[PDB]
Amino acid sequence: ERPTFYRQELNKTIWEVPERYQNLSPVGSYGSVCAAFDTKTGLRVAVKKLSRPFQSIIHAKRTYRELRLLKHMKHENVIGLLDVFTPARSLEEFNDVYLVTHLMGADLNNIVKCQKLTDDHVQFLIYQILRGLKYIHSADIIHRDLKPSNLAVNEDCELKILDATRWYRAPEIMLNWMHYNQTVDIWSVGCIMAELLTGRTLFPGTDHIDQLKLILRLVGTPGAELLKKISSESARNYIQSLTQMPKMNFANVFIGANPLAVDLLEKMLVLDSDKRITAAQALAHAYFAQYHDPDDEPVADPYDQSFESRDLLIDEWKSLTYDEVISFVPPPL
Ligand SMILES: Cc1nc(Nc2ncc(C(=O)Nc3c(C)cccc3Cl)s2)cc(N2CCN(CCO)CC2)n1
Ligand SMILES: CCCCCCCCO[C@@H]1O[C@H](CO)[C@@H](O)[C@H](O)[C@H]1O
C-alpha cells in the first residue's frame, strides 16, 4: 500500500518523498519547488513542499484551499495535480504536504521575448487560454490574476493556466470595486493578446493611478450608460470632472493586425465589464475558426466553495486536508 520514502536535504529542510520521484533539484522558493523525474510515469515533474502548512488557522485554510482547487482542475489548458502525498502514516503524525504537477519549461514572457508573434501563433495561444478560462469560469471560479507569468507552455506550444503585476489588471480591480465578475479575466486576456500581436505591453502603467490613465486613453471615459451603474458618490463626481475622451478606433491602434484579431480585442477591452465578451463567446468568434471545436471545449464539475465562508480550528482544517490527501486519485496516465 504505502510507497517507500527517502529523505534528502533540499533548500535547508529535510524533504521526504516516494522513491518514484528521482533527482530532486530545487528551482524555486509559501513553499519551495523542486524539479524531479517521475520513474513511474516517465514524466518530469514539479514537486512542491508546502511551507508551514498548519502553523495557524490562516495557513491551514490556505493549504486546504490550494489542495481543494488543484484537485478539482482536470483540463488540458489548466494545471492539474499528478499526485499529492505525505510521509505521515496517520492524522496524528500529519505535518507535511507535497503537491506534484507536470514540470512546465517556460511561461509567456519567455515565448514573446518582446518580439511579435505571428497571427497564427497568437490564435493558438489565445484559443487555449480561452478554452482553459471557459472551464474555470464554468466552475464559478475567477482567476483574478491572469498574466504572462501565470501562463505556462511546453515545446509544442501547449499552454496551461497556472496560479509589473498591475499591467493585465481590469480597471474595476484597480478601483477596488469588490463585485467582480468573470470578465475581469477577459480584460486580462485582451491585454495579453495585444502584447503578443505587437510585442509591446498595452498598458505599462508606472504606478497605480498611471495604470488607469493609460487604460482610459485607449477605451474612452465612461459613457452615459456606464455612469448609470456607478453607486459610489466619490467615483461619479471625479469621473464627471474629467475631460471626456473618445474611445480610440482599435483598427487605427493595432496597425496591420488581422481585422478579426482587432474585432476580438474591441470585444474584450470594453470598460463596462457587463459588455465584455465571455470566454465561451470568444471561442465561437471567427478569429478562432481553425481551432474551435464545440465537441472539445469541456466544462467543469460544480466546485463547492462553501468552505470559504467558514471559520474553523487549525485541527479541523488539518483533518479536512488529510481527508483530501487520502481520497486523492491519480489522473489516467
Ligand atoms: C520555478 C520554476 N518552475 C518551473 N516549472 C514549473 N512547473 C510547475 C511548477 C509548479 O509550481 N507547479 C505547481 C503549481 C503551479 C501549483 C501547486 C503545486 C505545484 Cl508543484 S514550477 C521551471 C523553472 N525553470 C527555471 C529556469 N530554467 C533553468 C535555466 O537554465 C529551467 C526552468 N523554474
Ligand atoms: C475611472 C475608470 C472607470 C472604470 C469603470 C469600471 C467598469 C467596470 O464595469 C462594471 O464592473 C462592475 C464590477 O464588477 C459591475 O458591477 C458593473 O455592472 C460594471 O458596469
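Every heavy atom of this structure was used, including side-chain atoms; hydrogens, water molecules and symmetry mates were not. When a residue number appears, it is its place in the shown sequence, counting from 1. Note that ligands are numbered from 1 as they come in the structure, with each ligand's atoms numbered from 1 the same way.
- Atom 1 (C) of ligand 1 has as its closest protein heavy atom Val27 O, 3.5 Å.
- Under the 4.0 angstrom criterion, atom 25 (C) of ligand 1 counts as lacking any protein heavy-atom contact.
- Side-chain polar atoms of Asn181 and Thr183 form a donor-acceptor pair below 3.5 angstrom.
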Inset, instruction - Start with the C-alpha distance between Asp207 and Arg166, add both sets of side-chain angles, then the distance that settles salt bridge (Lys or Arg N to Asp or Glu O under 4.0 Å), and finish with yes or no. - result: CA-CA 8 Å; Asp207 61 15; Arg166 90 223 334 150; over 6 Å; no

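- Although no hydrogens or angles enter the test, the distance criterion places no donor-acceptor pair under 3.5 Å between the side chain of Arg169 and the main chain of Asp145.
- For the 3.5 Å distance criterion, the side chains of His59 and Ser56 qualify, holding a donor opposite an acceptor.
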Inset, instruction - Given salt bridge (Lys or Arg N to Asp or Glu O under 4.0 Å), test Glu172 with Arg276 step by step and report yes or no. - result: CA-CA 13 Å; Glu172 61 271 28; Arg276 287 173 207 161; 2.7 Å; yes

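- Within a 4.0 Å radius of atom 8 (C) of ligand 1, the protein contributes at least one heavy atom.
- For the pair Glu172 and ligand 2, the shortest N or O to N or O distance does not fall below 3.5 Å.
- Between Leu212 and ligand 2 there is no heavy-atom distance shorter than 4.0 Å.
- For atom 12 (N) of ligand 1, the closest non-hydrogen atom on the protein side is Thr101 OG1, 2.9 Å.
- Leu227 contributes atom CG, which lies 6.0 Å from atom CD1 of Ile239 (distance to the nearest 0.5 angstrom).
- Residue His102 has at least one heavy-atom neighbour below 4.0 Å for each of these atoms of ligand 1: 7 (N), 8 (C).
- Closest to atom 15 (C) of ligand 1 among all protein heavy atoms lies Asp163 O, 3.8 Å.
- At a heavy-atom distance under 4.0 Å, only backbone atoms of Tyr180 (N, CA, C or O) approach ligand 2.
- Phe85 and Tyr21 have parallel rings, their planes meeting at less than 30° on a 0 to 90° scale where 60° marks the start of perpendicular.
- Ranking the protein heavy atoms by distance from atom 20 (Cl) of ligand 1 puts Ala46 O, 3.3 Å first.
- Close contacts between ligand 2 and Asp274 involve ligand atoms 17 (C), 18 (O), 19 (C), 20 (O) [criterion: under 4.0 Å to a heavy atom].
- When hydrogens are left out, the protein atom nearest atom 11 (O) of ligand 1 is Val33 CG2, 4.0 Å; that is the closest non-hydrogen contact.
- For ligand 1, the polar-atom distance check against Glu66 finds no nitrogen or oxygen pair separated by under 3.5 Å.
- If you look at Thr221 next to ligand 2, there are no close heavy atoms at all, none under 4.0 Å.
- Residue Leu162 holds its CG atom at 13.0 Å from CE of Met73, rounded to the nearest 0.5 Å.
- The environment of CD in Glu233 is sparse: at most 12 heavy-atom neighbours from other residues, nucleotides or ligands sit within 6.0 Å.
- Distance check on atom 22 (C) of ligand 1: some protein heavy atom falls below the 4.0 Å cut-off.
- Interatomic distance, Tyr168 OH to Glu195 CD, rounded to the nearest 0.5 Å: 3.5 Å.
- Residue contact annotation: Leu175 has a non-hydrogen atom under 4.0 Å from ligand 2.
- Annotation: atom 18 (C) of ligand 1 to nearest protein heavy atom, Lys48 CD, 3.8 Å.
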Legend entry - Evaluation steps, salt bridge (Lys or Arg N to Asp or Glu O under 4.0 Å), between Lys247 and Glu266: CA-CA 10 Å; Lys247 145 96 146 54; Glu266 295 271 16; 2.6 Å; yes

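- Taking atom 32 (C) of ligand 1 as the reference point, the nearest protein heavy-atom neighbour is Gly105 O, 4.1 Å.
- Between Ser273 and ligand 2, at least one pair of N/O atoms sits closer than 3.5 Å.
- In this structure, the protein non-hydrogen atom closest to atom 6 (C) of ligand 1 is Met104 O, 3.6 Å.
- Using modelled atom types, one side-chain atom of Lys61 and one backbone atom of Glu308 make a donor-acceptor pair closer than 3.5 Å.
- Remark: distances from the non-hydrogen atoms of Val45 to ligand 1 are all 4.0 Å or more.
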Legend entry - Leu130 and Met268: CA distance, side-chain angles, deciding distance, side chain to side chain contact (heavy atoms under 4.5 Å, CB included) verdict: CA-CA 12 Å; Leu130 293 167; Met268 295 171 165; 4.1 Å; yes

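- For ligand 2, the atoms lying closer than 4.0 Å to a non-hydrogen atom of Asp272 are 9 (O), 19 (C), 20 (O).
- Close contacts between ligand 2 and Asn181 involve ligand atoms 14 (O) [criterion: under 4.0 Å to a heavy atom].
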Legend entry - salt bridge (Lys or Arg N to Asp or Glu O under 4.0 Å) evaluation trace for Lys49 with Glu16: CA-CA 9 Å; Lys49 187 197 191 186; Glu16 184 160 24; over 6 Å; no

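- In this structure, atom 30 (O) of ligand 1 has no protein heavy-atom contact shorter than 4.0 Å.
- Using a 4.0 Å cut-off to heavy atoms of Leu271, the atoms of ligand 2 that qualify are 5 (C), 7 (C), 8 (C), 9 (O).
- Heavy atoms of other residues, nucleotides or ligands lying less than 6.0 angstrom from CG of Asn237 number more than 12.
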